[PDB]
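# Geometric and topological summary
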Amino acid sequence: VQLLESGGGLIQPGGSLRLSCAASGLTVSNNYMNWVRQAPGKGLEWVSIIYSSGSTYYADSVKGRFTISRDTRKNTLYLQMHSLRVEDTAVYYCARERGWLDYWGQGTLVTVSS
Amino acid sequence: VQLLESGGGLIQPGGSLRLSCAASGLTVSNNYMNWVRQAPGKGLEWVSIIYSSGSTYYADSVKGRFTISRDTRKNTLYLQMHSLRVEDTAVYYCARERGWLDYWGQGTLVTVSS
Amino acid sequence: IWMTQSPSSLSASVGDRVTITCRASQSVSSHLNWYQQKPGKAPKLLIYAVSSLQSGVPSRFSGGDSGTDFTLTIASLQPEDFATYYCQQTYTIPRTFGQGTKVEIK
Amino acid sequence: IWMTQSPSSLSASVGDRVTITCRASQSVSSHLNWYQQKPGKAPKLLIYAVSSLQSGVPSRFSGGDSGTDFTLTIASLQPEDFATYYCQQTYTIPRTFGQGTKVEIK
Amino acid sequence: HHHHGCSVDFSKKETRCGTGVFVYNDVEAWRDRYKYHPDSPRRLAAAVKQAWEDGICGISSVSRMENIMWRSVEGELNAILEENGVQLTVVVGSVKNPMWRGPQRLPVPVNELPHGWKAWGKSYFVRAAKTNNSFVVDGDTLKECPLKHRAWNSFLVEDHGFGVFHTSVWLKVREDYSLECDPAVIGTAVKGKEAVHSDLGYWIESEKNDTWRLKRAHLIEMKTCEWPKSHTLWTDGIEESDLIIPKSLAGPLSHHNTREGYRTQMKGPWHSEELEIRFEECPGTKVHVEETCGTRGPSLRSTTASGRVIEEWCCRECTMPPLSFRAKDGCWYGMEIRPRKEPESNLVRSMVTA
Amino acid sequence: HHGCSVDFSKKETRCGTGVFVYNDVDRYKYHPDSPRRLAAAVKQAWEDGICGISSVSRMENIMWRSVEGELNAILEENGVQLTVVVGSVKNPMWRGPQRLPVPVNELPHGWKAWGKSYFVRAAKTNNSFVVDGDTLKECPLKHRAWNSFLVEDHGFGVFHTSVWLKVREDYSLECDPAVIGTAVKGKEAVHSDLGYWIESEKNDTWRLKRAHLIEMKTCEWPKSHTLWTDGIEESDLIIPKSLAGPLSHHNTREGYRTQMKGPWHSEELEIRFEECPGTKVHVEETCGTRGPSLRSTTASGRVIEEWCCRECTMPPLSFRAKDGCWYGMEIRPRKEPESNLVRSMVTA
Amino acid sequence: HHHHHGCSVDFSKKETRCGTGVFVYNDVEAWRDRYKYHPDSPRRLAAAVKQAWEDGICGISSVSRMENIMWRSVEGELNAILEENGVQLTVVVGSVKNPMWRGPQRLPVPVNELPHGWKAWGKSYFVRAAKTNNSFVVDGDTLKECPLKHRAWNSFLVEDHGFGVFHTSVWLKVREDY
Amino acid sequence: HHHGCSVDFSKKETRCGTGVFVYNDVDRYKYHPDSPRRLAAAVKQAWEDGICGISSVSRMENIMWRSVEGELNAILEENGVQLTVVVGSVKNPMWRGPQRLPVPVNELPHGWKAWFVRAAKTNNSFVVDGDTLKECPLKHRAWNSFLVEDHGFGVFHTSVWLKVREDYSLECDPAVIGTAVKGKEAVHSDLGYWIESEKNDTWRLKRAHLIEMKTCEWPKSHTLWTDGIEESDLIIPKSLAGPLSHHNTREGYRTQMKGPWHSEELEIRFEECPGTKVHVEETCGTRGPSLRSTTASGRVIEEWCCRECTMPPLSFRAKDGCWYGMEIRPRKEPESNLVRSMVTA
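- What the deposited record gives as its method is cryo-EM, and the resolution it gives is 2.83 Å.

## Points about the overall build of chain C
- Each helix and strand in chain C was counted, giving zero helices and 11 strands.
- For chain C, the α and β elements follow one another from N to C terminus as β-β-β-β-β-β-β-β-β-β-β.
- For 106 residues, the compact-globule formula gives about 13 Å, and the C-alpha radius of gyration of chain C, at 13 Å, lands near that figure.
- For chain C, the spread of C-alpha atoms along the principal axes amounts to about 35 × 30 × 25 Å.
- When the 106 residues of chain C are sorted by exposure, 51% land in the buried category.
- Sequence-distant contacts, at least 24 apart, represent 52% of the contacts inside chain C between residues at least 6 apart.
- Here chain C displays about 4,700 Å² of accessible surface, and carbon together with sulfur accounts for 50% of that area.
- Taking the average location of the 9 positive side-chain charges in chain C and that of its 6 negative ones, the two points are 5 Å from each other.

## Focus: the nonpolar core
- By size, the foremost hydrophobic cluster in this structure holds 70 residues, and its most contacted members are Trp35, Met81 and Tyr92 of chain B.
- Among the nonpolar cores identified, the runner-up in size contains 37 residues, and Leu210, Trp218, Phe270 and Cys309 of chain H belong to it.

## Some thoughts on helix 1 (residues 36-48) of chain H
Residues and elements named next belong to chain H.
- For helix 1, with 13 residues, the first-to-last C-alpha span of 18 Å sits near the 18 Å given by 1.5 Å per residue.
- Of the surrounding secondary structure, the elements contacted by the buried residues of helix 1 are strand 3 (30-33), helix 2 (59-77), strand 6 (125-127), strand 8 (146-148) and strand 9 (159-164).
- Backbone geometry just after helix 1 places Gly50 at a positive phi near 70°.

## Describing the sheet that holds strand 19 (residues 328-330) of chain H
Residues and elements named next belong to chain H.
- If you trace the three strands from one edge of the open sheet to the other, you get 15-16-19, paired in mixed fashion. Of all the strands in the sheet, just strand 15 (277-280) and strand 19 have a single pairing partner and so form its edges. Neighbour to neighbour, the strand axes of the sheet diverge by 35° on average, direction disregarded.
- Pairing analysis gives three bridges linking strand 16 (residues 303-306) to strand 19, with the strands arranged antiparallel. What sits directly across from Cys305, in strand 19, is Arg329.

## Side note on the interface of chain F and chain G
- Listed as interface residues are nine residues of chain F and, on the opposing side, seven residues of chain G.
- Roughly 570 Å² is buried in total at the junction of chain F and chain G, and carbon and sulfur atoms are behind 82% of that figure.
- At the boundary of chain F with chain G, the tally comes to zero salt bridges.
- Remark: the boundary between chain F and chain G carries zero residue pairs in polar contact.
- When residues of the side of chain F that touches chain G are traced back to their parent elements, those giving at least two are strand 1 (2-7) and strand 2 (12-22) of chain F.
- No other element matches the four residues that strand 2 of chain F contributes to the side of chain F that touches chain G.
- Looking at side-chain class alone, the side of chain F that touches chain G contains two nonpolar, four polar and three charged residues.

## What about the arrangement of the chains?
- Of all 15 pairs of chains in contact, the one with the most contacts involves chains E and F.
- With respect to C-alpha atoms, chain C approaches chain D no nearer than 29 Å, and the pair has no contact.
- Here chain C and chain F are not in contact; the least distance found between their C-alpha atoms is 16 Å.

## Digging into a nonpolar patch on the surface
- The grouping of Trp95, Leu133 and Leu138 of chain H at the surface amounts to a nonpolar patch, some 290 Å² of accessible area in total.
- Its place among the elements puts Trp95 of chain H in the loop between strand 5 (84-86) and strand 6.

## Things to note about the interface of chain F and chain E
- Residue-level contacts link 50 residues of chain F with 53 residues of chain E.
- Buried surface at the junction of chain F and chain E, both sides included, amounts to about 4,600 Å², of which 54% is carbon and sulfur.
- If you sort the residues of chain F by the area they bury against chain E, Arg14, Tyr22 and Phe159 of chain F come out on top, with a joint share of 16%.
- One can count five salt bridges joining chain F with chain E.
- Broken down by secondary-structure element, the contributors of at least two residues to the side of chain F that touches chain E are strand 1, strand 2 and strand 10 (181-185) of chain F.
- The element best represented in the side of chain F that touches chain E is strand 2 of chain F, accounting for 11 residues.
- Grouping the constituent residues of the side of chain F that touches chain E by class yields 22 nonpolar, 19 polar and nine charged.
- With five bridges connecting them, strand 10 (residues 187-191) of chain E and strand 10 of chain F associate as antiparallel partners. The partner of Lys191 of chain E across the bridge, within strand 10 of chain F, is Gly181 of chain F.

## Digging into the packing of helix 1 (residues 41-54) of chain E against helix 2 (residues 64-83) of chain E
Residues and elements named next belong to chain E.
- Put simply, helix 1 and helix 2 touch, their axes get as near as 10 Å, and they point 85° apart. Classified by the interaxial angle, the pair formed by helix 1 and helix 2 is roughly perpendicular. Counted together, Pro41, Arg42, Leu44 and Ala45 of helix 1 and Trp70, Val73, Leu77, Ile80 and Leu81 of helix 2 form the full contact between these two elements.
- Its residues assigned to classes, the contact of helix 1 with helix 2 comprises eight nonpolar, no polar and one charged.

## Some remarks on the sheet that holds strand 8 (residues 156-163) of chain G
Residue and element names in this part refer to chain G.
- Taken in spatial order, the three strands of this open sheet run 3-9-8, and their pairing is mixed. Each end of this open sheet is capped by a strand with a single partner; those strands are strand 3 (36-38) and strand 8. Each strand of the sheet is rotated relative to its neighbour by a mean of 20°, with strand direction disregarded.
- In terms of strand pairing, strand 8 meets strand 9 (residues 168-174) through seven bridges, oriented antiparallel.

## Remarks on the side chain of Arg64 of chain E
Residues and elements named next belong to chain E.
- Looking at where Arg64 falls in the secondary structure, it is placed in helix 2.
- Of the residues examined, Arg64 reaches a relative accessible area of 17% and is grouped as buried.
- At 2.8 Å, the side chain of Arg64 forms a polar contact with the backbone oxygen of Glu273.

## Side note on the pattern of salt bridges
- If you walk through the whole model with that rule in mind, you get 96 salt bridges over all chains.
- The shortest N-O distance in the salt bridge between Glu12 of chain F and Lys10 of chain F comes to 3.3 Å.
- What emerges from the salt-bridge pattern is a single network uniting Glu205, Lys215, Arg216, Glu276, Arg278, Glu280 and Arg326 of chain E.

## Structural notes on helix 2 (residues 58-77) of chain F
All names here are of chain F.
- Here helix 2 contains 20 residues, and its C-alpha end-to-end distance of 29 Å stays within 8% of the 28 Å for a straight helix at 1.5 Å per residue.
- Residue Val67 marks the point of greatest curvature in helix 2, where the axis turns by about 45°.
- Among the residues of helix 2, those classed as buried are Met59, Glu60, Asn61, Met63, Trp64, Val67, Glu70, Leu71, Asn72, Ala73, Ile74 and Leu75.
- One or two positions beyond helix 2, positive phi appears at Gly79, with a value near 85°.

## Thoughts on the environment of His160 of chain E
- Here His160 of chain E lies in strand 8 (residues 155-160).
- For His160 of chain E, a relative accessible area of 18% puts it in the buried group.
- The spacing of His160 of chain E and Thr211 of chain E is 51 residues in sequence and 36 Å in space, taken between C-alpha atoms.
- In this view, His160 of chain E contacts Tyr34, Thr167, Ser168, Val169 and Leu200 of chain E together with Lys10 and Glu12 of chain F; residues no more than four positions away in its chain are not counted.

## Re the pairing of strand 2 of chain F
- In terms of residue burial, strand 2 of chain F counts as a mostly covered element, since 11 of its 11 residues are buried.
- Direction of pairing for strand 2 (residues 14-24) of chain E relative to strand 2 of chain F: antiparallel, over a ladder of five bridges. Opposite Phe22 of chain E, over in strand 2 of chain F, you have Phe20 of chain F as the bridge partner.
- Where strand 1 of chain F meets strand 2 of chain F, six bridges bridge the pair, whose relative direction is antiparallel. Across the sheet, residue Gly3 of chain F finds its bridge partner in strand 2 of chain F, namely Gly16 of chain F.
- Linking strand 1 of chain F back to strand 2 of chain F in an antiparallel pair, the connection comprises four residues, with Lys11 of chain F at a positive phi of about 60°.

## Focus: the side chain of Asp39 of chain E
All names here are of chain E.
- Locating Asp39 in the fold gives a position in the loop between strand 3 (35-37) and helix 1.
- Look at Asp39 and you get buried, because its relative accessible area is 17%.
- Non-local contacts of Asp39, meaning those with residues more than four positions away in its chain, are made with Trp120, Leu171, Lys172 and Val173.

## Concerning unusual backbone geometry
- Residue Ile93 of chain D is joined to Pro94 of chain D through a cis peptide bond whose omega torsion reads 5°.
- Take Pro94 of chain D: it is sitting in the loop between strand 8 (84-89) and strand 9 (96-97).
- Here the amide bond leading from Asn92 of chain H into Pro93 of chain H is cis, since omega sits at -5°, within 30 degrees of zero.
- Among the structural elements, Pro93 of chain H can be located in the loop between strand 5 and strand 6.
- In this model, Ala244 of chain F sits at a positive phi of 60°, which is unusual for a non-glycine residue.

Procedures and definitions
- Per-chain numbering applies: from 1 upward along each written sequence, possibly unlike the entry's numbering, with residues missing coordinates excluded.
- Chains and ligands are labelled by the order in which they are written, letters from A for the one and numbers from 1 for the other.
- This view covers only part of a larger assembly, and the values given relate to that part.
- In computing side-chain properties, one takes all heavy atoms of the structure into account and sets aside hydrogens as well as water.
- Residues with missing side-chain atoms are left out of burial classes, side-chain pairs and their counts.
- The helix and strand labels rest on DSSP assignments: H or I over at least four residues marks a helix, E over at least two residues marks a strand, and numbering proceeds from the N terminus.
- With the radius of gyration taken over C-alpha atoms, the globule rule is written as 2.2 Å times the number of residues to the power 0.38.
- Each residue is assigned to one of three classes by its accessible area relative to the maximum for its type, calculated with a 1.4 Å probe on protein chains only: buried under 20%, partly exposed between the two thresholds, exposed over 50%.
- Here, two residues are considered to be in contact whenever any of their heavy atoms come within 4.5 Å of each other.
- Residue-level accessible areas treat just the shown protein chains as cover; the underlying method is Shrake-Rupley with a 1.4 Å probe.
- Within this scheme the basic residues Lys and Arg register as positive and the acidic residues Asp and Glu register as negative, but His and the chain ends are omitted.
- Note that the charge is assigned to NZ on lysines, CZ on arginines, CG on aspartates and CD on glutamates.
- Here the nonpolar core consists of buried residues drawn from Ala, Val, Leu, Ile, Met, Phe, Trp, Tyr and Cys, with membership extended through side-chain atoms lying within 4.5 Å.
- Multiplying 1.5 Å by the residue count of a helix minus one yields the expected span of that helix.
- Note: two strands are recorded as paired if DSSP finds a minimum of 2 bridges between them.
- Every axis in this analysis is a line fitted to C-alpha atoms, fitted for helices over the stretch in contact. Angles between the N-to-C directions lie between 0 and 180 degrees.
- The term buried area refers to how much accessible surface (probe radius 1.4 Å) is lost by two components on association, counted for both of them together.
- Should a side-chain nitrogen of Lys or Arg be within 4 Å of a carboxyl oxygen of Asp or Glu, the pair is scored as a salt bridge.
- Two N or O atoms count as a polar contact when they lie within 3.5 Å, although within protein this holds only if one can serve as hydrogen donor and the other as acceptor, and sequence-adjacent residues are included solely when both atoms are side-chain atoms.
- Amino acid classes used here: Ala, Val, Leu, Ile, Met, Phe, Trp, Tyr, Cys and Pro are nonpolar; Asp, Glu, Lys and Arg are charged; the rest, including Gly, are polar.
- By definition, no residue in a patch forms a salt bridge, and every one has over 30% relative accessible area; like charges are joined within 9 Å, nonpolar side chains (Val, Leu, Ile, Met, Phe, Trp, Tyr) within 5 Å.
- Roughly parallel here means an angle under 35 degrees, roughly antiparallel means over 145, roughly perpendicular means 65 to 115, and every remaining angle is called oblique.
- The angle between axes fitted to the seven residues ending at a residue and the seven residues starting there is what we call the bend at that residue.

If you want it as structure tokens, here you go:
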């Protein structure tokens, strides 16, 4: 398989960004999918998850601002981002979960500054 | 028909604080109750509402951090605040809604400074 | 529902007729309310349901409607009628206020 | 469920045995995984289900421990085995990682 | 262990029984057979008199059931009002859709009028005479009584009896303000891959494909109360802009009220008396999924006012089968689907919005 | 679809069409789709280190007991030296991290006949593939499969009497929604499946009324089958989320928090809000702290007569096992010390 | 085999007993004016009433209350379909007085029906027809302009008594024999 | 009255309401005597007066006797009376006896009024229905001596008591009879009979299901259309508790006095026996004993004929074969090798 992230770049504080993860080799509607971030020089942090039934959960840091989603036809993940803060600068990965994260993406970079 | 509030004060940024609004003359479990805040030198702004059935709604700026609740035994209304920021400095009021806010509290002051 | 108030500021003499306007970005059925706030006090309901007046308030306040345009009128300005006035819609969620309008003496 | 991983950093030479220790503040049934990340690259799954080894990972890696504590063990410290290692639990929402342990060449 | 029931199959002649919760489809029986018992003749008269003294001139009806209740009650209410020397008359018209929401509420009088009957079916003997003051129930009277002076959602159902020959409905006047639909007549159930949200006028069905989605709906009214969150399945992580039936139109705020590729139908044909939502093409029509179609807007009927059908339709991002409405007037389309070749000004559209 | 019902409290009957949810807490027939596919899946799992199975519910355990003899017949006929051993069910059914695989090909020999007329038993083999039991040392939890079957029958239909299962292709965490039915009507609601029957009522606010559990699952109740899933904290649910309790406001009660340390070791509980026979509970703010659930009788059979709670609400929360009548975590004895009573040794 | 199955409920002991057999219900004191009545056919009923008029049968004496209610529910559509066929005849339905005296005549069965109009009851969204001088009067306080000796009686035969989910229905037919 | 709901699978309809319901009651009910000591006294008095035994009326009475035999023997032994009650099986038809049990003035003094030691055999035996026609001939046996308690249309009692009658009676006990007609279908029924009738052109017999053949008289108060009917036209004979009504008739047939009444459980229906054909000719034999369709060797006769009967033909569905009516005889095969019934009504 292969997963590829997209949509990263530079955004000013309070701006909106929308990441994507294009899936090849597996369909996203029958998988549990995660978003994981890592601030530069720090450790891994969990962001959100979507079940194969459509249930979603979020971390306490991003709750009320981030929104995980997916599209059946295009077979891709999404992560809508709103009211971005300075402490949201990190690298974002998409991953597949079957009890463990065995398929990671390459990662995309998001920077929030002026 | 008196709504008296408490719990305001100075708090360190990123900290937590809890407000209360004790009601005399009306039962809070039979009414629609609001929380409205006013920043120093700015206009009025809506924060949260709880229906008489228990449904709750929040504003986008506070969604994920604030939580409204009530207690029938004590006949009082609460607003639990988490991860407070500096833009959350205002005077908070508890008001009763029946299509219009006919009863207001006196208000309490919350200051978030480092 | 974005609520836009006009004029932002207004100044009038005692005994004059004062009218301010509130505008809603879409339809509110008739859930529009008018409040006044003295500096350093909690707000107070003046008019509800567009025109319905409350009890204990002077009868020189009146409200009207015309195509998602709403107005608040004071018949004879009085020295106690100098405060900031807000409009509010109670139709959808979130409950949205106006930006305010305070009346000064000339 | 917070995960505390000690030691924070580790230095040892080729051929030695080094053990990384992870702890969970609560009970996880057996849902613990070990990952390895190199600078500039995405993490890679090494060990899952406490001891179960992932395909393609050499046999120098083995995990598992008794009680409320978990350990990851290296057999022969090959010189291409210097990176950061994390532990994760997949038993409860929210998912939690460990702060990481860096293994550097001595 | 009070609710015992059995279910039957007419193709295999067998029966299964047990205990549980039973939810009945009562939508298709928008029937006048019911007999209604509002608060009390004297109590209702005192409440209406106090409302008139308060400056409230009329009532907006929440649903058809309240309209039929007012029709059944008006004559006896007028008679008992006259017997107490109160110059007021109640006039009841018909309902128009959508049933818009009023900002006022009826009061609860401390004391009732001490002259008259004690039961609603007891006796209405002598007809009343017309009076100058008219307390008008909903109808084409928006000029003599605007919506801002017009009450809405003032009654609370107490019991829904089921007798041998008739079924009776018991009402009271609400003590407190409310925005939600009355929960005493709402029934929601899910079992396996199928679910239902329903009340006296709504019957909404869902199915489990790759994703849970709206399957079909049957509406005999378009009310504007709020569906209670306690009687709704999966009420989190859902945006109000995704609901097929808008939240303003008493659509449940649920993942079961969605469909992939469609958004909220704020501009559907909500002026009908009765419609059903189906996902298929209209008779003698056909739709394409091509990017070069037009922007979504008001819903369009598939037949011109002259009676000519259109055979060309397009959508940008919709998913087959298409969203189509079914009134007695024809077969409308969803906001997403637009004519492919013909101009859209030749077709009739929806002038209402939610 | 068509049916009739009676209401004994209101004394009324009626008929019509609609949606009916029944109390199923055997009438149905649970067996897998193909014995040969199951045998191939078991063999492939064995070859890849997976050694045991932990059941999600009692239905799966009964199905395994029904199928084990034929499964061993297929395994022995094909030249595979593997034995399937099925034991008893110990609550709560803990969750395993492994999953059964889907075989690309089935076994070359055998029969797909649901029942085996040939009662030829195979010889016991030194290799054992144990199903749930007191065998945590032959096959620990970290090598056990869990929630590997998909109930491939669904719907509102009620006349089938035959339920089929197959090994699923995708990983999953939730309780299977094929057997779940929830319904609300007026002032009464229920969340139910083959083993749970949880009732809520409309007082001044919605709250838990009574529950009746005959197992302790650890899957997750699906959110698509739950009423009022928003604005609720996980620390307020009476039945914990870790024990397949629905995440809803119908799973709450004022003055109580989650009962993480209740008597979940038992085989059948009955949560209800009233005192145990011959006991009273008072409300004094000086009472103890939350802790393990205690019975109302000591190990000798002596019934304690004095309990306190700090901020609970009458009537008190109590559990009704077959061998006692416990209390909630917030209710402690007024006089008797707690070091001699019997408390629950399990936590959620 | 057996198609009539049922159960009995005891509201004072919460006991229920089920089985198969024959069930007889008390249908007295039922709101029977809100049933659905389907006489023979609008065209055939119109033809029969007409042919009775040219045979000297002025009106009708009702056997029971159900027939009176059926006539009340039918008269408007029957008048409309008579008017559409160009027949100068109106049906007037009055009150009913006890006892219900026997009439010596019978309604006929026409060979063919009137070749104009609809084919079902309670439909067609008709409009009220104009009154005419010829009155075919169903029972009422009208036993003077044509007496009991020219009135029909016991002319209808029930074919079905169906209990639908929402409304019960009764299907009638004109008797072939006395 | 009685509240209940019902379903009609033919019309595909359901309904509820109050009314009157008659069930197919052909265990849920417990049949016991009123008092054991009084029954023991009655048996003792009957034995004193030269009544050696009992012939049962129905299977209910045999079941009740089998249920109370041990306690009755124990009560008899506790009074020093040398008499034992022996209960046997019943064979159909259940013939009628001329005697009756006597109501005792006062019951035996010793015993228990409730409802436990095994008794020992005695010289004298009071035989209940069985194969003892030589020890106790039919002329010395009582018959129809019990009165069943009545509950009417009620269905929730779980218990019935029986007590010795004080007055003579010939009819079947009406406490267990229920007949009903609704539209075009009727039924006459009791604990052992379920007789159905229909309306095609006139009312006629449709089918019957008998699990016994008793010899009481069906009471006229529980019968529909009892007037203007000849006893020679009833399909089920009057001597076999057949209702005396027009619902018990079929055109072209007369009373089946010589049917297969020896069977254990019969079923009358109007349809040809499997692999058989019946024809109407003017050159057939007269009425006679009922003949089974298969021979003693199992061969099936395939040609049968009747003089002036009507199709479908009358057939009795017993367990050992499919007998034909008295009006239907083999067309070609002589009747010497055919199985014929040895019983008459």
